[PDB]
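Student: This is the structure I want to talk about, given as structure tokens.
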Amino acid sequence: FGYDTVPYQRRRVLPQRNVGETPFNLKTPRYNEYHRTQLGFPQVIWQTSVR
Amino acid sequence: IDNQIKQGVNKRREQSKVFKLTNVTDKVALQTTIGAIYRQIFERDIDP
Amino acid sequence: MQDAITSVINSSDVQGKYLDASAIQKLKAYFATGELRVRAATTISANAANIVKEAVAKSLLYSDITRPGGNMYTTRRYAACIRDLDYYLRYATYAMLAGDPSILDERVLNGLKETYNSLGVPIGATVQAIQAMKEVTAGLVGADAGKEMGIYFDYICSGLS
Amino acid sequence: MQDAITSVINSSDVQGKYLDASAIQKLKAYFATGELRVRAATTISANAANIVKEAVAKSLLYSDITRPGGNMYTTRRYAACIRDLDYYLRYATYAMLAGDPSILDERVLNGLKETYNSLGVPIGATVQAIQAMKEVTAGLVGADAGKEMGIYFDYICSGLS
Amino acid sequence: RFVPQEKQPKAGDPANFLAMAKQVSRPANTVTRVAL
Amino acid sequence: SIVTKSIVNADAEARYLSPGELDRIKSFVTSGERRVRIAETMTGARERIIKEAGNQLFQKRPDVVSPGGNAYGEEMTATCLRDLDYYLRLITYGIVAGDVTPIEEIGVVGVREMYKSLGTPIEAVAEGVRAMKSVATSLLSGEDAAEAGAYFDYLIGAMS
Amino acid sequence: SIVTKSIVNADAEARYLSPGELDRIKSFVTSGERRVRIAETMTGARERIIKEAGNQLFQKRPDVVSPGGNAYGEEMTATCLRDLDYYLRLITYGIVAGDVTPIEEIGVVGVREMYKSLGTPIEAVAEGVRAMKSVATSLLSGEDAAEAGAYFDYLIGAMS
Amino acid sequence: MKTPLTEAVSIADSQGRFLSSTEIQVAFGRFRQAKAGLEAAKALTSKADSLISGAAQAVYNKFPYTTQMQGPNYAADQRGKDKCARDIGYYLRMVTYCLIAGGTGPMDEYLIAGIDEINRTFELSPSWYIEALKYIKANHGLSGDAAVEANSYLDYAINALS
Amino acid sequence: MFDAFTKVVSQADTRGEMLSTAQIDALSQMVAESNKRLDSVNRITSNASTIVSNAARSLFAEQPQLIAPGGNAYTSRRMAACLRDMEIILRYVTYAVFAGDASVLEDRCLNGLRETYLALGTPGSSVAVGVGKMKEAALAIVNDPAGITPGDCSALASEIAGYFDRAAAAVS
Amino acid sequence: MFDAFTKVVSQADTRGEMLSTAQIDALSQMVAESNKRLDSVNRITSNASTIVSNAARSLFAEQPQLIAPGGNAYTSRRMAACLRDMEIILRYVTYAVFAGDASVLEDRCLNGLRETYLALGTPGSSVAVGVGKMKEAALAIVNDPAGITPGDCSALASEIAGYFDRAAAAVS
Ligand SMILES: *[C@H](C)[C@H]1/C(=C/c2[nH]c(/C=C3N=C(/C=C4\NC(=O)C(CC)=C4C)C(C)=C/3CCC(=O)O)c(CCC(=O)O)c2C)NC(=O)[C@@H]1C
Ligand SMILES: *[C@H](C)[C@H]1/C(=C/c2[nH]c(/C=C3N=C(/C=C4\NC(=O)C(CC)=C4C)C(C)=C\3CCC(=O)O)c(CCC(=O)O)c2C)NC(=O)[C@@H]1C
Ligand SMILES: *[C@H](C)[C@H]1/C(=C/c2[nH]c(/C=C3N=C(/C=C4\NC(=O)C(CC)=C4C)C(C)=C\3CCC(=O)O)c(CCC(=O)O)c2C)NC(=O)[C@@H]1C
Ligand SMILES: CCC1=C(C)/C(=C/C2=NC(=C\c3[nH]c(/C=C4\NC(=O)[C@H](C)[C@H]4CC)c(C)c3CCC(=O)O)/C(CCC(=O)O)=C2C)NC1=O
Ligand SMILES: CCC1=C(C)/C(=C/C2=NC(=C\c3[nH]c(/C=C4\NC(=O)[C@H](C)[C@H]4CC)c(C)c3CCC(=O)O)/C(CCC(=O)O)=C2C)NC1=O
Ligand SMILES: CCC1=C(C)/C(=C/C2=NC(=C\c3[nH]c(/C=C4\NC(=O)[C@H](C)[C@H]4CC)c(C)c3CCC(=O)O)/C(CCC(=O)O)=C2C)NC1=O
Ligand SMILES: CCC1=C(C)/C(=C/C2=NC(=C\c3[nH]c(/C=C4\NC(=O)[C@H](C)[C@H]4CC)c(C)c3CCC(=O)O)/C(CCC(=O)O)=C2C)NC1=O
């Protein structure tokens, strides 16, 4: 990159393939499962019904 | 089937197991004998 | 008490002949599908208090039969009916791993019609609970085993009705 | 009852820390010599009716007791002095295959010392009969499996002393 | 016909029916230390 | 009733009723006009215990009516009131029988299988009878609620 | 061990080890290295397999985290980490033994009176185990999801 | 989460050193702040519901068009008023959270970081929230140094808005 | 990263022969309707901010748990990231219907974003329903001929609904 | 990365309501004892190099296999890395007892370093025993009086021993 070039994902796609490697922003999101469990997020859809 | 299961020893006299109590310091072998006492004296389960 | 190994090996015994090629295709049918049965056997025992729970919620509960006057009002016997509905659940698995309804004749349907009319329990309400239990099982274990486990469920509904 | 697999399970479990590299090594201490120990058992299972007569032939076939006027002279109690040799053999090969003296504490030696007084039976002859059984059980099992069985018979006669 | 209807387990009176606080928990607990 | 416990206690001896057991009916029947003059107000005041039973349970056990609990929302606060309405009757049914044995054969003896299966906690229904105990003792006189309060307390010890 | 109850099932019939049983005790030893590495993964990842799975319990049963509950607060769901770790411990002991007798010696038969004295419904705990089974098999391979989960289904049936 | 102890640990960690007397000066200062700030947060917790309704009424008073014109962004219908006063209570709750935390971190992480694009996408004027925060900072009724730093947090929210 | 034409070229090269005639008539009809494809694409593109705001508007009316505190889209920063995720999905849908191939939509979003939403704790169901509602509103906005000559958008409603359903199913 | 105050703020925001009064009295007592907490911290911090040198020496007197050739801490470079690992653990303990929360100690060390010591071949047992001995010496250095006014040092012994046991158990 030298001093004057913005970094980019080097050689993601091979010239004969319509599908390359996963973009790094999708491969490595802001946090993993470990920090997700600490935040106590509420998954599993919703609570449910009374019957 | 009339010659199979219908011979005269109704085949559960010699394929039903018995329960001994040789293992009084074993604990899980004790628990399936105590249920076998409950399921032969009262011969239902005594749970309800 | 018999088994699809044994009931084709004893019926060939009592005819005096040996392992016929028509008799050899029933054992290898049982040896092909036996891996499907043993993984289906563990999943019933892991859910055995929950197949009986969803059966009574879909067929039995919140009705006239648990209302005083019905037979289920005594909690002596609502303890006993979950015990009774457990009996058809475990013996269906014993009919499943044997591949044979012969245990159900000798250990479930020995005198079952007389003892239900001696107490006056409803026949079809129990048969409605077997029809509850056959669809709860086929969802929890997969339809390839529920289409075989339900055959011995219809063997119970034939003898009960 | 405590298997040597379950004992090294138990020694981490009374501490409650998990199975370490030392604690998995005890299983690899069992599994590396596991193959000969299983193959030792099929030799002692087929020969147990055969090997029980040479133990008394080396020790107590003609002696001062087995004549008229001593113990092991009824043919009823001569059955007992063969069946106890069958009892000591069948429980040592359990204790061989598990690798413990604890099954020997629970089953064969839970009250065996006290009962031999009031029956009026010679103990010390039965000490020599197991000690004669070592050299006939090591001739057929090989030299390598003959020494690991020797500490399990020695727990019996030290326990019978 | 169709048998009609009447009563049992009518219930239907909320009475107090206390409203829910609707709380939730962090699960960042001291697994190592609970009590003596 | 108090006779029926002594009847099977007589036949287990297979002898006649001993007079240690006869006078316990003589204390019962002459107080039988007293005992029917206790529980009929609890049949009379019917709702007043019951509406003061749920609200006195929910402040001592509020996790039951939360989401995730068995009793939740509407139609599952009323059947928990109606399963509580069942166990109000058997306190009166034990009083006019003079013994706790008709409470058993219709209402106690199979609780630990049906409440295991339904998921309702047996401790939580035990505190509801402990919640309805205080409002029933206030409606009776103090020497009359002292015997009827133990009739609650057996079901407390049977549930717990 | 798979030895020691094949001992017990051969002891009650008063018989030696059958050669049909002797292959089963032979094939366990040659596959003993295959189960100790999948028990290493539960030894290594024991902290992750309880922490998110505990939130799967409270997502599906939020009655426990409600106030007035059995396991309420930062110190009492701490005790659920101080209790469910033993069940994650013992499944590893069920794997390396080959069968369910380390489960059967420690944590099965007294739990009806354990959790009654604790006051916790067992099926609330058991649905935490069945949700833990769904997240344990996320770590296992497609082959080892059955056999390591085969010792799970004994524990789910023991609670229920 | 810009709170003083957190940022002191971040300074000492990025420098790669242990804690010095600087962080302890930060600490005796933070305890001095919290010694009044916690009671002021409790007082705001007490007066919160009337402050929310007064801010909503002042916002309807200064901008009367929002009550009149049909539009899902405007609070003409009732659901607009429920959601509206809900975000009034959101702003007040973030003010109390920053009063407890001792820094602008909670409002910066819960409110500020996306508020511009949200008001851009939803056609919400931020001046409505500026009017509401001005009414809150006029009517909170505190006194002294707690009142000055409460006004500091509210003015910070105002400057972050516009 | 493929066109329609590059897709036919790659298939003809994997066959190893020249392009057959029927594929060329298909591509001629594609070149005749490619502008037709385009008209929907431009009227889809011009209303994009209204589409994503109405989609989030109906979604957060529908599932108020996301707006509720502790919800996944509750925080202002997270809610802005939510609208950003939706706008990105709509943009790559417009790219795929520009190039006439779903391979751009696959390449740019699909293979990673399912695992991203699992790892983030993002509920895939709500964003799946949001992409479905956004696609329904997008076809509803495209199909109305206001100041446009009379034509046929049949097959292109087919293609656009295909792209939106592929996005919603790859999200899950 | 959480304080005590930010922990109460995050819990109150997940509840969605204001902070209750009893939490505010708890935080007032925390603000009264927070200086308490941290004089304790300062006398822990001033003796840190003595703590890690006494810990390592005690440890290498105890397990001479690490000093023995072929041992994990045998090489001079590896031994310097060993002392660096110990000093890092002590520093993050001091950070966690500064902020009054274990979340900083979790965030900075715990989740990765167990896998790091597995992958490196580092015995987790020795460093666990070393962190335990270092924590015992740290409380022993903190608890003694030498020209300081009497105070309720106790509980904070509770908290510091909690942090050290959390570190030693996360190491394993
Ligand atoms: C329950 C689904 C229905 C019902 C039942 C009710 N059942 C009672 C039950 C009895 N059930 C049995 C059945 C078996 N015993 C066995 O060993 C086996 C095979 C393994 C079976 C199928 C028996 C023997 C009894 C009565 C003996 C006893 O009292 O223990 C009763 C109990 C009789 C009583 O007077 O208490 C009641 C109501 N009623 C319903 O509502 C359901 C249709
Ligand atoms: C609203 C529809 C749903 C929702 C959205 C949501 N997404 C995030 C965070 C991320 N989303 C992505 C997704 C992509 N990044 C890409 O580069 C591409 C393709 C070009 C996609 C599809 C990523 C990588 C993240 C994490 C990093 C980031 O800044 O955004 C959030 C926020 C989570 C957070 O903690 O910040 C939200 C809220 N979530 C919902 O609740 C709806 C179901
Ligand atoms: C689709 C949902 C509706 C529809 C569209 C439609 N369009 C055409 C033809 C043309 N559309 C354009 C548009 C543009 N050309 C440009 O250069 C630009 C600027 C980027 C625009 C907006 C043009 C120019 C053509 C063809 C050439 C011309 O019009 O001069 C048709 C028929 C012709 C064709 O297939 O291209 C149709 C049907 N018609 C409907 O009924 C739909 C609801
Ligand atoms: C599985 C563990 C186990 C053992 C071994 C066992 C032995 C046992 N030995 C018995 C008798 C006996 N045991 C012996 C023993 C011996 N003969 C000798 O001379 C020697 C001293 C010794 C060498 C074997 C004799 C002679 C009798 C018969 C004594 C009698 O009945 O009077 C009896 C009472 C009668 C009987 O059932 O045979 C038991 C129960 N019981 C057990 O539970
Ligand atoms: C006289 C003897 C007798 C007993 C003991 C009895 C119990 C009983 N309780 C029931 C239901 C119920 N019972 C409750 C009760 C409770 N839920 C809670 O969380 C509380 C702990 C608790 C009471 C305060 C609930 C919620 C149901 C409905 C079960 C469901 O909807 O899943 C039902 C099924 C429906 C019905 O017929 O009412 C029975 C049969 N019935 C009887 O005839
Ligand atoms: C915790 C920090 C926080 C803030 C500040 C917040 C604001 C916020 N306000 C919103 C909408 C809104 N905001 C307003 C507010 C107003 N409109 C008016 O006319 C009044 C002047 C003013 C009343 C205060 C209204 C009426 C809506 C609903 C309009 C909509 O559909 O988008 C939305 C979109 C969600 C939705 O559509 O329901 C957000 C994210 N959310 C947050 O999580
Ligand atoms: C960063 C530079 C710095 C330091 C070092 C510092 C320490 C410090 N410790 C204090 C108090 C104190 N410090 C202690 C500490 C203890 N007492 C015991 O008996 C225990 C063994 C021990 C804790 C383990 C106690 C008990 C007090 C009483 C006053 C208070 O609660 O702050 C105070 C209160 C104000 C004062 O003393 O003038 C100061 C200044 N302040 C600073 O600005």
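Just so we're on the same page: first chain in the structure tokens is A, next is B, and so on; residues restart at 1 for each chain, and ligands are numbered from 1 in the order they show up.
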As a PDB file with N, CA and C atoms, in the first residue's frame, please: every protein or nucleic acid residue near ligand 6 (cut-off 8 Å, counting only C-alpha atoms and all ligand atoms).
Tutor:
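Writing done, so here's part_32.pdb:
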ATOM      1  N   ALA H  56     -43.466  17.598  27.525  1.00  0.00           N
ATOM      2  CA  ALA H  56     -44.310  17.296  26.374  1.00  0.00           C
ATOM      3  C   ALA H  56     -45.314  18.412  26.118  1.00  0.00           C
ATOM      4  N   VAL H  59     -43.528  21.331  24.607  1.00  0.00           N
ATOM      5  CA  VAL H  59     -43.172  21.061  23.220  1.00  0.00           C
ATOM      6  C   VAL H  59     -44.392  21.220  22.324  1.00  0.00           C
ATOM      7  N   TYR H  60     -45.559  20.789  22.810  1.00  0.00           N
ATOM      8  CA  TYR H  60     -46.797  21.014  22.070  1.00  0.00           C
ATOM      9  C   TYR H  60     -47.161  22.489  22.045  1.00  0.00           C
ATOM     10  N   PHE H  63     -44.496  24.300  19.508  1.00  0.00           N
ATOM     11  CA  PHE H  63     -44.698  23.807  18.150  1.00  0.00           C
ATOM     12  C   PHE H  63     -46.124  23.291  18.047  1.00  0.00           C
ATOM     13  N   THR H  66     -47.463  20.430  15.216  1.00  0.00           N
ATOM     14  CA  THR H  66     -47.305  18.984  15.357  1.00  0.00           C
ATOM     15  C   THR H  66     -48.556  18.320  15.909  1.00  0.00           C
ATOM     16  N   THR H  67     -49.361  19.052  16.670  1.00  0.00           N
ATOM     17  CA  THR H  67     -50.618  18.494  17.143  1.00  0.00           C
ATOM     18  C   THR H  67     -51.695  18.538  16.073  1.00  0.00           C
ATOM     19  N   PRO H  72     -47.565  10.635  10.481  1.00  0.00           N
ATOM     20  CA  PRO H  72     -47.155   9.645  11.464  1.00  0.00           C
ATOM     21  C   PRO H  72     -45.919  10.085  12.234  1.00  0.00           C
ATOM     22  N   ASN H  73     -45.158  11.036  11.694  1.00  0.00           N
ATOM     23  CA  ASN H  73     -44.070  11.617  12.465  1.00  0.00           C
ATOM     24  C   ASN H  73     -44.588  12.602  13.502  1.00  0.00           C
ATOM     25  N   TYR H  74     -45.691  13.279  13.210  1.00  0.00           N
ATOM     26  CA  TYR H  74     -46.253  14.237  14.147  1.00  0.00           C
ATOM     27  C   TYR H  74     -47.122  13.531  15.176  1.00  0.00           C
ATOM     28  N   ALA H  75     -47.225  14.145  16.347  1.00  0.00           N
ATOM     29  CA  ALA H  75     -48.041  13.602  17.427  1.00  0.00           C
ATOM     30  C   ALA H  75     -49.464  14.141  17.378  1.00  0.00           C
ATOM     31  N   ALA H  76     -50.117  14.018  16.224  1.00  0.00           N
ATOM     32  CA  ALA H  76     -51.510  14.427  16.114  1.00  0.00           C
ATOM     33  C   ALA H  76     -52.431  13.379  16.721  1.00  0.00           C
ATOM     34  N   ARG H  79     -51.137   7.623  19.360  1.00  0.00           N
ATOM     35  CA  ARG H  79     -49.933   6.797  19.363  1.00  0.00           C
ATOM     36  C   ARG H  79     -48.681   7.646  19.202  1.00  0.00           C
ATOM     37  N   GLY H  80     -48.798   8.770  18.492  1.00  0.00           N
ATOM     38  CA  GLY H  80     -47.713   9.729  18.445  1.00  0.00           C
ATOM     39  C   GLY H  80     -47.406  10.304  19.810  1.00  0.00           C
ATOM     40  N   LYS H  81     -48.438  10.532  20.621  1.00  0.00           N
ATOM     41  CA  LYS H  81     -48.212  11.083  21.951  1.00  0.00           C
ATOM     42  C   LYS H  81     -47.611  10.047  22.892  1.00  0.00           C
ATOM     43  N   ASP H  82     -48.049   8.789  22.791  1.00  0.00           N
ATOM     44  CA  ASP H  82     -47.447   7.707  23.574  1.00  0.00           C
ATOM     45  C   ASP H  82     -45.981   7.518  23.234  1.00  0.00           C
ATOM     46  N   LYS H  83     -45.670   7.371  21.941  1.00  0.00           N
ATOM     47  CA  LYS H  83     -44.280   7.224  21.521  1.00  0.00           C
ATOM     48  C   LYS H  83     -43.470   8.469  21.846  1.00  0.00           C
ATOM     49  N   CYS H  84     -44.099   9.635  21.664  1.00  0.00           N
ATOM     50  CA  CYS H  84     -43.429  10.945  21.888  1.00  0.00           C
ATOM     51  C   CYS H  84     -42.976  11.063  23.348  1.00  0.00           C
ATOM     52  N   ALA H  85     -43.918  10.933  24.285  1.00  0.00           N
ATOM     53  CA  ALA H  85     -43.619  11.048  25.702  1.00  0.00           C
ATOM     54  C   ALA H  85     -42.738   9.898  26.145  1.00  0.00           C
ATOM     55  N   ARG H  86     -42.787   8.778  25.416  1.00  0.00           N
ATOM     56  CA  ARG H  86     -41.830   7.709  25.652  1.00  0.00           C
ATOM     57  C   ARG H  86     -40.408   8.165  25.367  1.00  0.00           C
ATOM     58  N   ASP H  87     -40.191   8.909  24.277  1.00  0.00           N
ATOM     59  CA  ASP H  87     -38.817   9.353  24.040  1.00  0.00           C
ATOM     60  C   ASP H  87     -38.456  10.576  24.884  1.00  0.00           C
ATOM     61  N   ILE H  88     -39.454  11.328  25.376  1.00  0.00           N
ATOM     62  CA  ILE H  88     -39.159  12.283  26.452  1.00  0.00           C
ATOM     63  C   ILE H  88     -38.611  11.568  27.685  1.00  0.00           C
ATOM     64  N   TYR H  90     -37.241   8.706  27.728  1.00  0.00           N
ATOM     65  CA  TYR H  90     -35.938   8.192  27.323  1.00  0.00           C
ATOM     66  C   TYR H  90     -34.839   9.213  27.562  1.00  0.00           C
ATOM     67  N   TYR H  91     -35.071  10.459  27.139  1.00  0.00           N
ATOM     68  CA  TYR H  91     -34.082  11.517  27.336  1.00  0.00           C
ATOM     69  C   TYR H  91     -33.833  11.777  28.815  1.00  0.00           C
ATOM     70  N   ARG H  93     -34.315   9.661  31.296  1.00  0.00           N
ATOM     71  CA  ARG H  93     -33.662   8.500  31.883  1.00  0.00           C
ATOM     72  C   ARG H  93     -32.182   8.473  31.547  1.00  0.00           C
ATOM     73  N   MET H  94     -31.824   8.912  30.342  1.00  0.00           N
ATOM     74  CA  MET H  94     -30.411   8.993  29.988  1.00  0.00           C
ATOM     75  C   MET H  94     -29.705  10.089  30.772  1.00  0.00           C
ATOM     76  N   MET H 107     -25.336   8.614  27.685  1.00  0.00           N
ATOM     77  CA  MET H 107     -26.104   9.297  26.651  1.00  0.00           C
ATOM     78  C   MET H 107     -25.380   9.223  25.320  1.00  0.00           C
ATOM     79  N   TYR H 110     -26.211   5.597  24.164  1.00  0.00           N
ATOM     80  CA  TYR H 110     -27.600   5.187  24.033  1.00  0.00           C
ATOM     81  C   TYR H 110     -28.402   6.169  23.200  1.00  0.00           C
ATOM     82  N   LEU H 111     -27.974   7.429  23.129  1.00  0.00           N
ATOM     83  CA  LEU H 111     -28.733   8.446  22.409  1.00  0.00           C
ATOM     84  C   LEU H 111     -27.987   9.052  21.239  1.00  0.00           C
ATOM     85  N   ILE H 115     -28.434   9.557  16.573  1.00  0.00           N
ATOM     86  CA  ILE H 115     -29.654  10.360  16.647  1.00  0.00           C
ATOM     87  C   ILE H 115     -29.815  11.206  15.390  1.00  0.00           C
ATOM     88  N   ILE H 118     -31.252   9.095  12.581  1.00  0.00           N
ATOM     89  CA  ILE H 118     -32.623   8.718  12.906  1.00  0.00           C
ATOM     90  C   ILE H 118     -33.570   9.878  12.661  1.00  0.00           C
ATOM     91  N   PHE H 122     -36.557   9.816   9.842  1.00  0.00           N
ATOM     92  CA  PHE H 122     -37.910   9.796  10.367  1.00  0.00           C
ATOM     93  C   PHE H 122     -38.623  11.130  10.306  1.00  0.00           C
ATOM     94  N   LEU H 124     -38.018  13.799  11.997  1.00  0.00           N
ATOM     95  CA  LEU H 124     -38.144  14.399  13.315  1.00  0.00           C
ATOM     96  C   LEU H 124     -37.214  15.596  13.408  1.00  0.00           C
ATOM     97  N   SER H 125     -37.769  16.744  13.753  1.00  0.00           N
ATOM     98  CA  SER H 125     -36.925  17.898  13.996  1.00  0.00           C
ATOM     99  C   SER H 125     -36.248  17.754  15.350  1.00  0.00           C
ATOM    100  N   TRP H 128     -37.466  20.050  18.546  1.00  0.00           N
ATOM    101  CA  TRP H 128     -38.451  19.574  19.508  1.00  0.00           C
ATOM    102  C   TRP H 128     -37.769  19.041  20.757  1.00  0.00           C
ATOM    103  N   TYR H 129     -36.747  18.215  20.568  1.00  0.00           N
ATOM    104  CA  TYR H 129     -36.028  17.670  21.706  1.00  0.00           C
ATOM    105  C   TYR H 129     -35.203  18.740  22.403  1.00  0.00           C
ATOM    106  N   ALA H 132     -37.672  20.485  24.628  1.00  0.00           N
ATOM    107  CA  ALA H 132     -38.000  19.644  25.774  1.00  0.00           C
ATOM    108  C   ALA H 132     -36.868  19.619  26.792  1.00  0.00           C
TER     109      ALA H 132
ATOM    110  N   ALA I  56     -39.117  -0.210   7.924  1.00  0.00           N
ATOM    111  CA  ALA I  56     -38.819  -0.183   9.352  1.00  0.00           C
ATOM    112  C   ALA I  56     -40.004   0.340  10.150  1.00  0.00           C
ATOM    113  N   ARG I  57     -40.787   1.224   9.528  1.00  0.00           N
ATOM    114  CA  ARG I  57     -41.987   1.792  10.151  1.00  0.00           C
ATOM    115  C   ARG I  57     -43.051   0.722  10.429  1.00  0.00           C
ATOM    116  N   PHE I  60     -41.341  -2.084  13.026  1.00  0.00           N
ATOM    117  CA  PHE I  60     -41.279  -1.725  14.431  1.00  0.00           C
ATOM    118  C   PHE I  60     -42.658  -1.403  14.980  1.00  0.00           C
ATOM    119  N   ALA I  61     -43.640  -1.184  14.104  1.00  0.00           N
ATOM    120  CA  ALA I  61     -45.020  -1.264  14.562  1.00  0.00           C
ATOM    121  C   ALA I  61     -45.417  -2.714  14.815  1.00  0.00           C
ATOM    122  N   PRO I  64     -42.831  -4.684  18.479  1.00  0.00           N
ATOM    123  CA  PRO I  64     -42.361  -3.629  19.387  1.00  0.00           C
ATOM    124  C   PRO I  64     -41.329  -4.095  20.395  1.00  0.00           C
ATOM    125  N   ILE I  67     -37.982  -2.360  19.700  1.00  0.00           N
ATOM    126  CA  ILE I  67     -37.891  -0.989  20.185  1.00  0.00           C
ATOM    127  C   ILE I  67     -37.832  -0.974  21.706  1.00  0.00           C
ATOM    128  N   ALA I  68     -38.372  -2.016  22.338  1.00  0.00           N
ATOM    129  CA  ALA I  68     -38.397  -2.128  23.788  1.00  0.00           C
ATOM    130  C   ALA I  68     -36.977  -2.222  24.342  1.00  0.00           C
ATOM    131  N   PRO I  69     -36.739  -1.684  25.539  1.00  0.00           N
ATOM    132  CA  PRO I  69     -35.383  -1.697  26.101  1.00  0.00           C
ATOM    133  C   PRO I  69     -34.899  -3.105  26.390  1.00  0.00           C
ATOM    134  N   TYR I  74     -32.908  -1.604  19.991  1.00  0.00           N
ATOM    135  CA  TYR I  74     -33.413  -0.600  20.915  1.00  0.00           C
ATOM    136  C   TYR I  74     -32.537   0.642  20.919  1.00  0.00           C
ATOM    137  N   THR I  75     -31.230   0.459  21.066  1.00  0.00           N
ATOM    138  CA  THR I  75     -30.292   1.564  21.196  1.00  0.00           C
ATOM    139  C   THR I  75     -30.235   2.378  19.908  1.00  0.00           C
ATOM    140  N   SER I  76     -30.087   3.703  20.067  1.00  0.00           N
ATOM    141  CA  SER I  76     -30.055   4.640  18.945  1.00  0.00           C
ATOM    142  C   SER I  76     -28.976   4.283  17.939  1.00  0.00           C
ATOM    143  N   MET I  79     -30.111   1.111  16.316  1.00  0.00           N
ATOM    144  CA  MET I  79     -31.227   1.348  15.410  1.00  0.00           C
ATOM    145  C   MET I  79     -30.747   1.969  14.100  1.00  0.00           C
TER     146      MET I  79
END
Student: For the full set of C-alpha atoms taken in order, report to one decimal the RMSD after fitting chain G onto chain F.
Tutor: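 With all C-alpha atoms paired in order, the RMSD is 1.0 Å.
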Student: Write out as CSV a residue-level contact list of chain C versus ligand 1 with cut-off 6 Å: for each qualifying residue the closest pair of atoms and the distance in Å to one decimal, counting only C-alpha atoms and all ligand atoms, rows sorted by chain and residue number upward.
Tutor:
residue,atom,partner,partner_atom_place_in_ligand_line,distance
C:71,CA,ligand 1,41 (O),4.7
C:72,CA,ligand 1,41 (O),4.2
C:77,CA,ligand 1,37 (C),4.7
C:80,CA,ligand 1,8 (C),5.8
C:81,CA,ligand 1,1 (C),3.8
C:84,CA,ligand 1,2 (C),5.7
C:85,CA,ligand 1,2 (C),5.8
C:87,CA,ligand 1,20 (C),5.3
C:108,CA,ligand 1,19 (C),4.7
C:121,CA,ligand 1,39 (N),4.6
C:122,CA,ligand 1,43 (C),4.9
C:125,CA,ligand 1,43 (C),5.0
C:126,CA,ligand 1,43 (C),4.7
Student: Would you mind listing the residues within 9 Å of ligand 2, counting only C-alpha atoms and all ligand atoms, as a ChimeraX atom specification?
Tutor: /A:23-31,36 /I:56,59,66-67,71-75,77-89,92,108-110,112-114,116-117,120-131,171
Student: Using only C-alpha atoms, determine which residues lie at most 12 Å from residue 103 in chain H, disregarding the query and same-chain residues fewer than 2 positions distant; provide the list as a ChimeraX atom specification.
Tutor: /H:1-7,30,33-34,37,94-101,105-109,149-150,152-154,156 /J:3,5-6,9
Student: With only C-alpha atoms considered, list every residue of chain J at most 12 Å from chain E, as an MDAnalysis selection string.
Tutor: chainID J and resid 2 7:8 10:17 101:104 106:107 158:159 161:172
Student: Taking the chain letters and numbering used in this document, name the residues of chain H that DSSP puts in alpha helix (DSSP H), as a PyMOL selection string.
Tutor: chain H and resi 4-15+21-46+48-62+65-68+78-101+105-107+113-121+126-139+145-161
Student: May I ask you to write as number ranges by chain all residues lying at most 10 Å from ligand 3, with only C-alpha atoms and all ligand atoms counted?
Tutor: I: 31-44, 139-154, 156-157
Student: For chain A, work out the contacting residues on chain F at 12 Å, counting only C-alpha atoms, and write them as an MDAnalysis selection string.
Tutor: chainID F and resid 65:77 79
Student: List as a PyMOL selection string the protein and nucleic acid residues near range 21-37 of chain D, meaning an atom at most 10 Å away when only C-alpha atoms are counted, but skip any in the same chain fewer than 4 places from it.
Tutor: (chain D and resi 4-9+11-12+41-42+93+96-99+141+144-145+148-149) or (chain G and resi 25-33+36+40+96-97)
